[PDB]
Every structure is written in C-alpha cells, then in structure tokens.
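*Asks:* Structure in structure tokens, see below.
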Amino acid sequence: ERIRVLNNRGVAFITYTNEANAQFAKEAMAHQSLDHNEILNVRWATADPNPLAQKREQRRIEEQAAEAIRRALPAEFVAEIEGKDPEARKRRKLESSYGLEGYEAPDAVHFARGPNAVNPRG
Amino acid sequence: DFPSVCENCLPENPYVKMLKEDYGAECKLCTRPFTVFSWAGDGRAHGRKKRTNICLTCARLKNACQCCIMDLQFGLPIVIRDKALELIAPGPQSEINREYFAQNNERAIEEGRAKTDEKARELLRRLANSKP
Amino acid sequence: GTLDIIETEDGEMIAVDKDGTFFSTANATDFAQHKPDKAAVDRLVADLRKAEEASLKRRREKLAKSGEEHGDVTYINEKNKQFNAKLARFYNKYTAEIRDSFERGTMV
Amino acid sequence: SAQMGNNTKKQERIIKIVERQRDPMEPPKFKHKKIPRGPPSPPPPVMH
Amino acid sequence: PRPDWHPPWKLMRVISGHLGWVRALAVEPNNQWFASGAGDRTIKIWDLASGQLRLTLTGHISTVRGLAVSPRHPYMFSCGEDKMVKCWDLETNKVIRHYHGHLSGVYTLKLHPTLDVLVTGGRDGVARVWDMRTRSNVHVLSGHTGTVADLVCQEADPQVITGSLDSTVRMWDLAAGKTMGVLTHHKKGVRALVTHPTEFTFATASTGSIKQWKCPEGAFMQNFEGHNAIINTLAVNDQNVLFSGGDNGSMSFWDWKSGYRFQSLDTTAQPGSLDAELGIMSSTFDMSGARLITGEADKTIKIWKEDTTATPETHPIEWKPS
Amino acid sequence: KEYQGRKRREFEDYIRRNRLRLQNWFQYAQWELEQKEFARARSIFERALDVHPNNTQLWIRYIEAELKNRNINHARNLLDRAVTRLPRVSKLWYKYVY
Amino acid sequence: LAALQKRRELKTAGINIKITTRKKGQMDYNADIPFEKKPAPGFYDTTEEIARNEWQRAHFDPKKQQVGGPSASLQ
Amino acid sequence: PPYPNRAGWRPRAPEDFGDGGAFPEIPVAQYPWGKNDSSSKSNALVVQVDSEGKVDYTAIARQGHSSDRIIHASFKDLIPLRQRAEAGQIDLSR
RNA sequence: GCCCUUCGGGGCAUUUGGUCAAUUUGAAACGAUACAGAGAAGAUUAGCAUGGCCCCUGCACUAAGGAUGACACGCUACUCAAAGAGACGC
Ligand SMILES: [Zn+2]
Ligand SMILES: [Zn+2]
C-alpha cells in the first residue's frame with residue numbers, strides 16, 4: 001500500500017495491506033541479499049510521527065470498526081441511523097413515533113435489540 | 001472454572017473434549033499464571049491444541065475471548081476497539097504496573113466490589129458525516 | 001411546577017414552595033447540573049493566587065530576616081543556626097546564670 | 001449467548017474437562033515476582 | 001436505666017516474684033491456678049487460693065505479652081515480644097508447638113471458644129489465625145494500619161474483633177478472612193477489648209473512653225465516661241462488672257448495663273517502685289468471678305475481692321438522672 | 001522527557017524510602033502540577049491519601065491544587081469526599097462553604 | 001551537561017541514536033502513570049474538565065521552563 | 001381544566017398539568033416535569049434518594065465497598081442505641 | 001482379520017498428539033575494558049539491625065554470610081495570621 005523510501009541515508013518503510021503478507025515479507029527478507037552484497041535489516045517499523053500517516057491509520061481503525069459494526073447490526077438499523085437518505089429519515093420518524101406526534105423515542109429504546117423488543121428486529 | 005471462549009474458537013463438535021492445567025501458562029496481557037483450557041481442533045494435521053491465552057481477569061476487564069483475543073460484541077482486535085470506540089479501558093502496559101493493576105482488579109473482584117452499543121452508534125455518527 | 005403563585009384575601013402575590021428546595025439545593029437532584037459563573041471562578045482563582053503570593057512573600061521575608069546575623073556566631077551551617085535559635089527560644093529562661101557566667105568570666 | 005456474528009449449526013454444548021497429565025519431574029514453570037502491595041479498601045468516615 | 005448495686009472491691013493479696021511487668025494472666029477452666037507472663041521473660045503458674053508459686057517456665061527470650069489455657073485441650077499457649085507463639089503441653093511442662101510468621105513482637109492471643117483455632121495479634125499490624133493441630137496460618141486478617149493491641153474470639157459472627165493502635169476496631173468474618181465492619185469512633189489507640197459472657201455486646205477501651213457496642217451490627221450502645229487515663233484492660237464479670245485498669249494506675253469498676261462507675265481507686269506500688277511505675281498492665285477475673293487478678297508495672301500480681309461487709313445502704317448508688 | 005524521567009525517578013525513590021513523610025508526596029505532586037500533568041498529579045495525591053487518609057493538610061492541598069486550575073467539578077467531588085471522610089473537622093467544612 | 005551537549009550536537013549533525021535507559025531492577029516512570037489511582041467519581045460530571053486537562057498536557061510548552069539602608073547605630 | 005373536558009386544550013407547561021402527571025386523554029408528547037434528552041455519558045455518580053425521600057450522601061461513603069459491609073456514615077450512628085428513635089426493645093442475647 | 005449364523009444376518013476392536021530436526025529478528029551470561037578506593041561529626045576501625053518495584057551464596061520460606069551486602073546523606077512557601085504606629089498615601 002505504501003513504499004516510503006529515504007535514499008539520503010537509505011532507509012525504507014514498506015506498508016503492506018495484510019498482517020500475513022507483512023509478516024511473510026518480514027521473515028522472507030530477513031538478512032536476505034539486495035543487488036549489492038549486503039545484509040538487510042528488516043525489522044518492524046515504529047509508527048511514523050507524520051500527522052497524515054497517523055490520521056490515515058486512525059481512519060483505517062474507525063473504518064474497520066464501522067465495517068464490523070455494520071455487519072453486526074441490521075441493515076435497516078444502519079440505514080435508519082445513517083441519516084443520508086430522506087426516505088431513511090421519514091422512516092425513522094414514522095417508526096419511532098408509535099403515535100403521540102412529536103415523541104421521538106430514545107435511542108436506548110428505539111435502537112434496542114432483544115428477545116421481545118419494540119422494533120422490526122430481524 | 002470455565003473459559004470464556006467464542007464459537008469461532010470451540011472447534012466444530014458440540015461435544016468438545018477440553019484439558020485443564022492449573023498455572024499452565026502466564027497471561028499474554030498481564031503476565032500472571034492462570035488456568036489454561038486447551039481443546040482439540042477440526043483436523044488431526046497439527047496438534048497445536050488451540051488454548052486460552054489470557055486470564056479471566058484480563059478476559060473480563062477487556063471483554064474479549066480468551067483464545068483469539070478479539071471482542072465479544074463486535075469481533076474486533078481489542079486495540080481497534082479501544083482506539084475507534086475510544087475510552088472504555090486503556091489499561092497499563094509496563095513492567096510492574098501491569099501486575100499491579102491486574103492484582104488490584106482481581107483483589108477487588110474477589111472481594112465483591114466491581115453502554116458499548118451507545119458508543120458504537122456515536123462512532124457511526126462521527127463517521128457518517130465525516131470528510132477527509 | 002415547584003413554586004406555586006397564590007393571591008391571598010388581602011390581595012397580594014405570595015409564592016409558596018411546594019418542595020423545600022428553593023433556597024437550598026439539598027433534597028434536589030438539579031444540584032448535580034449547576035455550572036458556576038466564569039467571573040466567580042476567576043474571582044476564586046485570583047484569591048488563591050493572592051494567598052499563594054502572600055505566602056511566598058512571607059517565605060522570602062523570613063529567609064531574609066533569618067539571613068541577617070546579630071551577635072556572636074555559635075553555629076557552622078544554616079541547620080545548626082536554626083537549631084541553635086530554637087534552643088535559645090526554649091532554654092534561655094533556664095540558663096540565664098550560665099549565660100552570664102560566660103559573659104562575665106566567673107561565678108554563676 | 002449471542003456472540004460476534006450469528007449462530008451457524010448448534011448452540012448447546014457438552015464439555016468434558018479433564019486435568020492434564022503433567023510430567024512428575026517438571027519443576028515450577030514460572031519465576032515468582034516482587035509486586036508492591038495494593039491500595040487498601042476505601043477507608044470509612046472518622047466518627048469522632 | 002437505674003443501675004444495680006454492686007459491692008466495692010478491696011485489695012486482698014499482693015504477690016511479688018516476677019522481675020518484670022506482669023503483662024499476661026490466664027486462669028485454668030477449673031479455677032485452681034492462674035498464669036502470669038511477665039517482662040522477666042517467664043511464665044509463672046500460681047495456685048489461686050493460696051497464692052503460692054507452683055512453677056516457673058522459660059521458653060521466651062522476650063516479655064510474655066499473652067497467655068491462654070485451653071478449655072478443651074491440656075495445653076497452654078503463649079506469645080511474646082520475640083515474634084514467637086508457643087504451645088506448651090501441660091502433661092510434660094514443655095513447649096511442643098511453634099506458630100511462626102509474625103514479623104515483629106506479638107501483643108495478644110486468644111483461642112476460638114468452640115473450634116480448635118488460635119488467633120494472635122501483632123505489631124506487624126495484623127491478626128493471624130492459626131490452626132492448633134497443623135500450626136498453619138489459615139488466615140492473615142489485614143487492614144489495620146497499626147499494632148493490633150487486643151483481640152477477642154466469639155462463637156458467632158463477628159467471630160474475630162481486633163482493636164488496633166491506629167484507633168480503629170475491625171470486625172472480621174472468620175470463614176472468609178475479610179472484614180465485615182470498621183468502627184472508627186475511638187480517637188486514640190484501642191488497647192482493650194472485652195466481651196460480655198451472657199449478652200451479645202462487647203466493649204472497647206482507648207484513652208479516656210470505653211465504648212460499648214452490639215453484635216453483629218456494631219451499633220454504638222453506650223459510653224463509659226470518666227476514666228481519663230490510658231486504659232490498658234477491661235474485665236466484665238458474670239454479674240455485669242466492667243474493670244477499666246489504667247496505665248497511670250487508676251482503677252474503675254463500672255456496672256455493665258447502666259455505665260455507672262460504682263468505684264474508683266488508685267492502686268499501690270511495692271516498696272522501691274517509682275511513682276512512674278504505678279500502672280496496671282493486665283487484668284482478668286477468675287472463672288468464678290469472685291476475684292480479680294491484676295498484674296502491674298511494679299512487677300506485682302494483686303488479687304481484688306468484693307467487700308461482704310458493705311450493704312446497699314452503706315454505699316448507696318449516687319446516680320443522678322438527667 | 002529525559003528530565004521528567006529523572007525527576008519522577010528521584011521523587012518515587014523518596015516515596016519508596018519514606019512514605020510517611022508528607023513533603024515527598026507534596027513536592028512530587030506540586031512538581032507534576034507545574035509540568036501541567038494533571039492526571040499524574042491527581043494520582044500522586046490519591047496515593048498519598050491512601051497512605052494518609054485522615055490528614056487534613058493533605059486533603060486541603062489536593063483540593064486547593066485542583067481549585068487553582070479551575071477544576072471546579074473535580075474539587076467539589078474532593079470536598080464531598082473530604083467532609084464525608086472527616087465529618088468532625090471544621091476546617092474542611094469551612095473550606096467547602098467558603 | 002557534557003552528554004546533553006554532545007547529544008544536541010549529534011542530533012543537529014543528522015545522526016540520531018536512542019540509548020537504553022531501561023536498567024534492570026528499576027521501572028520506567030514515563031511509559032505510563034506509576035501505580036495509577038484515579039480519582040473516584042462524585043456527584044459532579046468531570047468529563048469536560050478531564051478533556052481540558054488532557055488538552056493542557058498535550059499543548060504544554062517546553063520552551064517556557066528553565067531550571068538551575070539605615071545606619072548601624074539605630075539597629 | 002377539570003374532568004372530563006380537556007379535549008383540544010393542550011398543556012404547554014408543567015403548571016398546565018395541575019400538580020403534574022400526564023393527561024392520558026390528550027394524544028401529545030407530554031412531560032410533567034421536563035426533558036432528559038441526552039446526557040453525554042456524564043461520569044458522575046447517580047444521585048440516589050434515601051428512605052424518607054431526600055438526597056443521600058452516604059453513596060460517597062459506601063463507594064468501593066460491598067453491599068453487606070457495615071459502614072457508619074451518619075450522625076445517627078453516634079447516638080446511644082436506647083436513645084435512638086427507631087426502637088426501644090432490643091434483645092441482647094447470644 | 002477372526003468368530004457366530006436360523007444363512008436372513010450379527011459379533012470382537014474405536015479418535016494418538018507439547019511451532020517440525022531447522023540456533024541472526026522472542027530475549028542467558030560473566031569476564032574483559034578505562035577504572036575504581038570499604039560506614040559512624042580528627043585518625044584507624046568490631047559489628048547488630050531498620051524499610052523493600054535491590055538482591056546474591058545457602059536445605060535454611062524459623063541459621064549464617066555477602067564492606068555492618070548494598071541502597072540511605074537529596075529536596076524544603078502553602079490548615080497561616082493579629083494588634084500598634086507611621087506616610088505633598090489614594
Ligand atoms: Zn491477565
Ligand atoms: Zn475466540
């Protein structure tokens with residue numbers, strides 16, 4: 001995914017996409033030769049202080065968590081909470097009305113999963 | 001006296017054969033000797049005996065499976081959870097502070113004294129309207 | 001709804017407290033939610049800084065006052081000087097005769 | 001109970017737990033450690 | 001409450017013979033002899049009626065700060081300032097068991113009345129619960145922040161109540177080895193505890209204040225007031241007699257129910273003792289209750305008896321209700 | 001960070017050598033406040049309160065250390081805990097009413 | 001002072017080597033708060049003040065801290 | 001508006017509720033005291049209430065302890081047991 | 001593979017097990033090096049303790065030793081004023 005190289009002193013940072021590929025590349029090139037007859041130093045990499053790299057690694061953490069949460073939650077709940085589709089908004093109003101216009105039930109009751117529950121569930 | 005192990009880890013068979021060893025290993029998190037529960041697998045090709053790796057104190061405080069060490073609710077690696085859902089439980093990780101914290105937590109739990117989906121929804125709200 | 005406004009037979013407004021939690025926030029959960037004003041916070045903080053500055057001035061003045069020497073030197077460092085002054089403060093009322101025996105060169 | 005995702009084949013489980021046949025000749029596995037004493041249980045009010 | 005009339009106590013017999021302060025005192029269940037442990041590192045067995053010295057036993061290298069003669073077993077237990085708790089077989093007059101583990105000097109020792117368990121308290125700030133048979137420290141009752149100076153065992157919850165020199169009194173559930181309560185009413189070191197034999201109440205004594213509590217709630221029942229000295233001991237009869245002995249030498253006999261101080265004394269020191277050496281270090285009633293055995297800092301065992309001559313009219317109850 | 005490592009090591013060494021001297025806890029917490037380390041300063045004060053629970057001077061120092069930094073909710077929690085722990089100390093009640 | 005001077009002269013020279021400060025038998029007090037004892041929660045919320053104290057710690061400035069009459073007759 | 005004519009008339013304030021209690025014959029979002037919409041996980045202790053309906057500050061004294069622990073936290077625990085207004089007859093028996 | 005059978009059938013026996021052998025990058029250490037110069041208010045010095053996120057030798061986790069084993073020696077406002085008299089004060 002990323003191949004930062006710093007030739008001025010000649011040190012590289014290689015960011016793969018997977019744990020398995022990263023460890024395979026680490027243990028596959030351990031003291032392995034380059035074109036020049038040298039012994040490479042392939043360690044793990046300390047986190048970069050570059051604010052961008054920190055921001056994008058963070059964003060990867062929240063998108064991974066969001067992917068798992070969206071897989072865990074019902075798609076109806078994800079759409080009804082997501083608040084980008086106007087159909088989702090008016091569905092949210094009508095479903096979390098239960099009559100009594102202007103109620104707008106709390107999230108702890110409206111977005112509640114249980115055995116009995118008060119929702120379409122799934 | 002029973003491990004907290006997710007169905008991903010307990011191999012296939014509803015009738016499972018499990019071994020128990022008191023002080024069988026040190027916790028991978030808090031480095032204190034605990035009771036190891038090691039079961040069989042879905043193949044007799046490598047007898048690794050997928051076992052517990054963290055103690056019930058560290059299993060309970062960080063709320064994760066003992067074998068695979070990922071979350072019980074969402075199934076996240078536990079740092080992904082504590083960094084994206086945020087707060088909950090940082091947990092010390094140093095030399096003496098680690099066993100100090102674990103010692104005090106176990107002492108409290110043995111002596112009786114002691115909203116994840118809410119922060120999941122708040123995470124959804126921080127991410128749905130976000131822009132890089 | 002906590003305060004009820006009534007008009008008596010004499011024709012004046014009387015506010016009656018249904019609870020007892022008007023003048024005091026005891027027996028009232030809303031005490032957990034009160035925010036003090038920024039001006040009052042600044043006032044309290046500035047008062048604390050004034051007390052701290054006065055204590056620092058007192059410390060410096062005490063150091064300067066004890067740094068001035070008067071009379072004979074009977075010590076070798078500052079801890080010895082403080083101990084000898086404490087000894088004086090306690091024991092001058094008992095060793096006056098020996099004190100004048102040294103100041104005189106003869107009998108107690 | 002519920003878990004990370006969903007359920008697949010069977011829920012109820014029958015588990016056979018036996019102790020592990022440990023080598024009689026093995027010494028203790030792990031070195032003991034010197035940890036400072038924990039904080040006390042919270043003190044009571046001073047009812048003087 | 002109107003107090004009962006109790007006859008005043010007077011000095012009967014003075015027994016010299018130790019060469020250090022008499023810190024311990026323990027009567028046989030059969031009331032024939034009593035045991036004085038003292039600062040001359042020795043345990044003396046004295047006949048109770050004649051007062052004569054029967055035997056001297058030496059096994060401690062420091063002052064003997066505690067004694068107990070077992071009512072079920074032919075044993076006598078002792079503790080001392082030498083970190084040692086010993087079990088003496090009285091069919092041989094020899095130490096047969098050690099109970100090791102106290103980090104520093106041991107101040108008190110009691111036996112559980114029903115089951116075969118020994119509780120000791122010590123300057124390492126802790127009350128260790130031992131098994132008699134296997135000498136194994138089954139419980140380490142910890143939580144005090146100072147010397148455990150006194151201690152009582154009881155047949156029902158709270159089974160162990162410890163009073164410490166950091167002024168708190170903790171009641172301990174013996175099955176779990178953890179405390180069920182803390183009583184912080186005392187201002188200074190609680191040196192004395194005593195349990196009433198028929199009522200489910202007890203008393204703790206610090207300097208100046210003797211507070212009376214209810215088991216198991218630890219409910220503050222009343223306050224013996226007036227004895228403005230460091231209280232070392234406490235002794236209740238079957239007939240509701242509290243004895244507060246005090247390190248300045250002051251003696252107070254109270255009625256247990258009302259709190260009325262029906263007698264106040266100062267004890268007397270031996271020929272040769274300094275006025276600083278006037279003070280009560282230990283006290284116990286015998287099994288009958290007719291005698292009070294005190295041991296004092298003039299190295300003296302004293303026996304105190306009730307005055308049979310005195311009538312309810314010769315010493316009327318000068319109790320003024322308020 | 002290296003200077004803070006030295007100072008923390010020295011202060012914790014003196015905590016470990018004499019835990020009953022209050023000046024060690026006070027100087028350590030004061031120094032950590034001057035570094036604007038508020039969680040660490042609170043931790044030092046709380047551990048000192050573990051060692052000396054009924055000390056009025058320590059309680060007032062921790063309350064005033066959190067009042068000088070405008071942590072009003074923190075300090076009011078502290079004052080409730082202080083007058084709960086020590087109900088018969090007039091200074092803590094006076095400080096809370098003031 | 002000598003080692004610090006050499007360190008700042010080599011850091012500005014381009015070379016950067018960190019040295020093992022982790023002696024055995026001793027603790028690193030900078031990795032995390034040593035023997036943490038967090039303040040107990042009371043009846044007042046402290047969340048915004050905790051966030052503000054963390055903001056103050058994060059933006060703490062290293063550049064603002066530096067260490068190290070009358071006559072004799074009348075008296 | 002007394003019984004049974006509140007139709008059409010909607011309450012707008014808690015004083016419109018009388019002394020309080022939502023009116024079940026008017027379909028509208030009624031709140032007899034106020035709104036607790038969303039508190040952002042405010043980590044304060046929940047203010048509980050004692051037996052007589054007052055604020056309880058022993059929840060600070062009992063914090064970090066088990067429920068079966070005896071804790072003296074009030075002035076009532078300083079009173080002699082006979083002089084407390086709870087009871088007068090106590091069985092002091094083993 | 002055996003055994004029984006009324007030749008349809010049936011029986012006996014039933015789930016082992018610690019990343020693999022694979023020495024850098026999952027953790028062993030002294031020596032050696034430049035040194036160093038064994039506590040108690042002058043000099044030379046016998047020790048016995050104390051406290052533990054300091055240990056070592058030892059069966060001793062109820063001896064003893066390791067320089068009395070070493071460590072200790074630094075730092076120092078903060079429960080905090082009151083009267084009296086002075087000021088081309090304000
Ligand atoms: Zn663990
Ligand atoms: Zn798992």
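Chain identifiers are assigned as A, B, and so on, following the order in which chains appear in the structure tokens; residues are numbered from 1 within each chain, and ligands are numbered from 1 in order of appearance.
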Residues of chain G near chain C: apply a cut-off of 8 Å, count only C-alpha atoms, and supply the list as a VMD selection string.
*Replies:* chain G and resid 43 to 45
*Asks:* Tell me, counting only C-alpha atoms, for each residue of stretch 1-58 of chain H within 12 Å of stretch 109-121 of chain B, which pair of atoms is nearest and how far apart they are in Å to one decimal, in rows ordered by chain and increasing number, as JSON lines.
*Replies:*
```
{"residue": "H:38", "atom": "CA", "partner": "B:118", "partner_atom": "CA", "distance": 11.4}
{"residue": "H:39", "atom": "CA", "partner": "B:118", "partner_atom": "CA", "distance": 11.7}
{"residue": "H:40", "atom": "CA", "partner": "B:119", "partner_atom": "CA", "distance": 10.2}
{"residue": "H:41", "atom": "CA", "partner": "B:115", "partner_atom": "CA", "distance": 9.0}
```
*Asks:* From a DSSP calculation on the backbone, collect every residue of chain C in helix (DSSP H, G or I) and output the set as an MDAnalysis selection string.
*Replies:* chainID C and resid 29:33 38:67 78:91 96:104
*Asks:* Dump the neighbourhood of ligand 2 as a ChimeraX atom specification: all residues within 6 Å, distances computed on only C-alpha atoms (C1' of nucleotides) and all ligand atoms.
*Replies:* /B:5-6,8-9,65,67-68
*Asks:* Find the residues near ligand 1. Use a cut-off of 12 Å, count only C-alpha atoms (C1' of nucleotides) and all ligand atoms, and write them as JSON, numbers by chain.
*Replies:* {"B": [25, 26, 27, 28, 29, 30, 31, 32, 33, 34, 35, 36, 52, 53, 54, 55, 56, 57, 58, 59, 60, 61, 62, 63, 64, 66, 69, 91, 92, 93, 98, 99, 100, 101, 102, 103, 104, 105, 106]}
*Asks:* Residues within 8 Å of stretch 13-23 of chain A, please, as a list in words. Count only C-alpha atoms (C1' of nucleotides); anything in the same chain fewer than 5 positions from it doesn't count.
*Replies:* residues 1, 2, 3, 4, 5 and 45 of chain A
*Asks:* Just the number, please: distance in Å from atom CA of residue F:21 to atom CA of residue G:57, one decimal.
*Replies:*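 According to the coordinates, atom CA of residue F:21 and atom CA of residue G:57 are separated by 28.1 Å.
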*Asks:* Just to confirm, what's the straight-line distance from atom CA of residue E:177 to atom CA of residue E:149 in Å (one decimal)?
*Replies:* 18.8 Å
*Asks:* Between E:161, E:103, E:53, E:156, which residue has the minimum interatomic distance to chain I, considering only C-alpha atoms (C1' of nucleotides)?
*Replies:*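 Between E:161, E:103, E:53, E:156, the residue approaching chain I most closely is E:103.
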*Asks:* As a PyMOL selection string, could you give me every residue of chain G near chain A (at most 12 Å apart, counting only C-alpha atoms)?
*Replies:* chain G and resi 14-16
*Asks:* Could the residues in this selection be written to a file with C-alpha atoms, as a JSON list (two decimals), in the first residue's frame?
*Replies:*
```json
[["chain", "number", "residue", "atom", "x", "y", "z"],
["G", 14, "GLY", "CA", 21.87, 14.31, 11.26],
["G", 15, "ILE", "CA", 22.72, 11.17, 13.27],
["G", 16, "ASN", "CA", 20.02, 10.01, 15.75]]
```
*Asks:* Using only C-alpha atoms, select each residue of chain H with any atom at most 9 Å away from an atom of chain A, and give the selection as a PyMOL selection string.
*Replies:* chain H and resi 27-30+37-38
*Asks:* I'd like the contact shell of residue H:82 - 12 Å cut-off, only C-alpha atoms (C1' of nucleotides), skipping same-chain residues fewer than 6 positions apart - returned as a ChimeraX atom specification.
*Replies:* /E:1,213-214,219-223,257-258 /H:76,88-91
*Asks:* Quick one: write out the picked residues with N, CA, C and O atoms as a PDB file, in the first residue's frame?
*Replies:*
```pdb
ATOM      1  N   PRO E   1     -31.619   4.174  82.597  1.00  0.00           N
ATOM      2  CA  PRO E   1     -31.632   2.908  83.331  1.00  0.00           C
ATOM      3  C   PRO E   1     -31.127   3.042  84.761  1.00  0.00           C
ATOM      4  O   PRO E   1     -30.069   3.626  84.988  1.00  0.00           O
ATOM      5  N   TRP E 213     -20.701  -1.686  72.514  1.00  0.00           N
ATOM      6  CA  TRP E 213     -21.229  -1.959  71.186  1.00  0.00           C
ATOM      7  C   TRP E 213     -22.063  -3.226  71.201  1.00  0.00           C
ATOM      8  O   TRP E 213     -21.931  -4.067  72.090  1.00  0.00           O
ATOM      9  N   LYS E 214     -22.863  -3.389  70.147  1.00  0.00           N
ATOM     10  CA  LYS E 214     -23.783  -4.507  69.976  1.00  0.00           C
ATOM     11  C   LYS E 214     -23.347  -5.375  68.806  1.00  0.00           C
ATOM     12  O   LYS E 214     -23.079  -4.865  67.717  1.00  0.00           O
ATOM     13  N   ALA E 219     -23.386  -1.631  66.615  1.00  0.00           N
ATOM     14  CA  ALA E 219     -24.171  -0.449  66.924  1.00  0.00           C
ATOM     15  C   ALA E 219     -23.700   0.137  68.242  1.00  0.00           C
ATOM     16  O   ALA E 219     -23.607  -0.576  69.243  1.00  0.00           O
ATOM     17  N   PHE E 220     -23.415   1.432  68.236  1.00  0.00           N
ATOM     18  CA  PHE E 220     -22.973   2.138  69.426  1.00  0.00           C
ATOM     19  C   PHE E 220     -24.063   2.135  70.479  1.00  0.00           C
ATOM     20  O   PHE E 220     -25.058   2.848  70.355  1.00  0.00           O
ATOM     21  N   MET E 221     -23.877   1.335  71.521  1.00  0.00           N
ATOM     22  CA  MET E 221     -24.886   1.257  72.563  1.00  0.00           C
ATOM     23  C   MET E 221     -24.695   2.281  73.662  1.00  0.00           C
ATOM     24  O   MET E 221     -25.637   3.009  73.967  1.00  0.00           O
ATOM     25  N   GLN E 222     -23.523   2.365  74.271  1.00  0.00           N
ATOM     26  CA  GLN E 222     -23.350   3.383  75.311  1.00  0.00           C
ATOM     27  C   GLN E 222     -21.870   3.690  75.476  1.00  0.00           C
ATOM     28  O   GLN E 222     -21.022   3.153  74.757  1.00  0.00           O
ATOM     29  N   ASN E 223     -21.557   4.529  76.455  1.00  0.00           N
ATOM     30  CA  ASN E 223     -20.221   5.088  76.602  1.00  0.00           C
ATOM     31  C   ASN E 223     -19.919   5.200  78.088  1.00  0.00           C
ATOM     32  O   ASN E 223     -20.544   6.001  78.786  1.00  0.00           O
ATOM     33  N   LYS E 257     -24.500  -2.540  82.487  1.00  0.00           N
ATOM     34  CA  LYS E 257     -25.712  -2.136  81.778  1.00  0.00           C
ATOM     35  C   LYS E 257     -25.865  -0.620  81.752  1.00  0.00           C
ATOM     36  O   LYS E 257     -26.062  -0.020  80.692  1.00  0.00           O
ATOM     37  N   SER E 258     -25.757   0.016  82.913  1.00  0.00           N
ATOM     38  CA  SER E 258     -26.059   1.437  83.011  1.00  0.00           C
ATOM     39  C   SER E 258     -24.865   2.288  82.603  1.00  0.00           C
ATOM     40  O   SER E 258     -25.019   3.329  81.959  1.00  0.00           O
TER      41      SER E 258
ATOM     42  N   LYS H  76     -26.631   9.572  63.155  1.00  0.00           N
ATOM     43  CA  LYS H  76     -27.474   8.632  63.888  1.00  0.00           C
ATOM     44  C   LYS H  76     -26.664   7.501  64.488  1.00  0.00           C
ATOM     45  O   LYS H  76     -27.010   6.987  65.556  1.00  0.00           O
ATOM     46  N   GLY H  88     -36.936   0.749  71.086  1.00  0.00           N
ATOM     47  CA  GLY H  88     -36.602   0.786  72.497  1.00  0.00           C
ATOM     48  C   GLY H  88     -36.384  -0.580  73.116  1.00  0.00           C
ATOM     49  O   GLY H  88     -35.788  -0.687  74.193  1.00  0.00           O
ATOM     50  N   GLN H  89     -36.859  -1.636  72.454  1.00  0.00           N
ATOM     51  CA  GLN H  89     -36.752  -3.002  72.958  1.00  0.00           C
ATOM     52  C   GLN H  89     -35.780  -3.779  72.079  1.00  0.00           C
ATOM     53  O   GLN H  89     -36.077  -4.061  70.913  1.00  0.00           O
ATOM     54  N   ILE H  90     -34.630  -4.131  72.647  1.00  0.00           N
ATOM     55  CA  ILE H  90     -33.554  -4.804  71.933  1.00  0.00           C
ATOM     56  C   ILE H  90     -33.233  -6.090  72.684  1.00  0.00           C
ATOM     57  O   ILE H  90     -33.102  -6.076  73.913  1.00  0.00           O
ATOM     58  N   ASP H  91     -33.120  -7.198  71.954  1.00  0.00           N
ATOM     59  CA  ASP H  91     -32.758  -8.479  72.554  1.00  0.00           C
ATOM     60  C   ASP H  91     -31.240  -8.595  72.553  1.00  0.00           C
ATOM     61  O   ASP H  91     -30.622  -8.843  71.517  1.00  0.00           O
TER      62      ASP H  91
END
```
*Asks:* Go through chain B and flag each residue having an atom no more than 7 Å from chain A; for those, report the closest pair of atoms plus their distance in Å to one decimal, using only C-alpha atoms, ordered by chain and rising number, as JSON lines.
*Replies:*
```
{"residue": "B:74", "atom": "CA", "partner": "A:68", "partner_atom": "CA", "distance": 6.2}
{"residue": "B:76", "atom": "CA", "partner": "A:65", "partner_atom": "CA", "distance": 6.9}
{"residue": "B:80", "atom": "CA", "partner": "A:61", "partner_atom": "CA", "distance": 5.7}
{"residue": "B:81", "atom": "CA", "partner": "A:65", "partner_atom": "CA", "distance": 6.9}
{"residue": "B:84", "atom": "CA", "partner": "A:62", "partner_atom": "CA", "distance": 4.9}
{"residue": "B:124", "atom": "CA", "partner": "A:66", "partner_atom": "CA", "distance": 6.8}
{"residue": "B:128", "atom": "CA", "partner": "A:82", "partner_atom": "CA", "distance": 6.4}
```
*Asks:* For the selection you just gave me, I'd like the residues written to a file as a compact mmCIF listing (two decimals), in the first residue's frame, keeping N, CA, C and O atoms.
*Replies:*
```
# COMPACT_ATOMS: atom_id res chain seq x y z
N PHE B 74 -18.41 -7.22 18.97
CA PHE B 74 -18.23 -6.87 17.57
C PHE B 74 -17.23 -7.76 16.85
O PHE B 74 -17.30 -7.87 15.62
N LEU B 76 -13.74 -7.45 17.05
CA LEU B 76 -12.64 -6.59 16.67
C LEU B 76 -11.40 -7.00 17.45
O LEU B 76 -11.50 -7.41 18.60
N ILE B 80 -8.19 -2.10 18.14
CA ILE B 80 -9.07 -1.47 17.17
C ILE B 80 -10.31 -0.98 17.91
O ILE B 80 -10.77 0.15 17.70
N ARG B 81 -10.82 -1.82 18.81
CA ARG B 81 -11.97 -1.45 19.61
C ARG B 81 -11.66 -0.28 20.54
O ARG B 81 -12.41 0.69 20.60
N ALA B 84 -11.04 2.99 18.29
CA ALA B 84 -12.12 3.51 17.46
C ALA B 84 -13.36 3.83 18.28
O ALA B 84 -13.89 4.94 18.20
N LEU B 124 -20.67 5.64 14.64
CA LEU B 124 -21.37 5.74 13.37
C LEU B 124 -21.71 7.19 13.04
O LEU B 124 -21.69 7.60 11.88
N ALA B 128 -20.32 8.89 9.71
CA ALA B 128 -21.27 9.03 8.62
C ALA B 128 -21.19 10.41 7.98
O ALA B 128 -21.33 10.54 6.75
```
*Asks:* Compute the chain B side of the contact with chain I at 8 Å, counting only C-alpha atoms (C1' of nucleotides), and hand it back as a list in words.
*Replies:*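 Every residue meeting the condition is included here: residues 47, 48 and 96 of chain B.
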*Asks:* Which polymer residues have any atom within 8 Å of an atom of stretch 58-61 of chain E, counting only C-alpha atoms (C1' of nucleotides), with same-chain residues fewer than 6 positions away left out, as an MDAnalysis selection string?
*Replies:* chainID E and resid 41:43 80 82 84 95
*Asks:* Can you measure atom CA of residue C:94 to atom CA of residue C:80 for me? One decimal in Å is fine.
*Replies:*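 Taking atom CA of residue C:94 and atom CA of residue C:80, their separation equals 20.7 Å.
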*Asks:* Give the residues of chain D that lie within 8 Å of chain I; count only C-alpha atoms (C1' of nucleotides), and format the answer as a PyMOL selection string.
*Replies:* chain D and resi 34-36
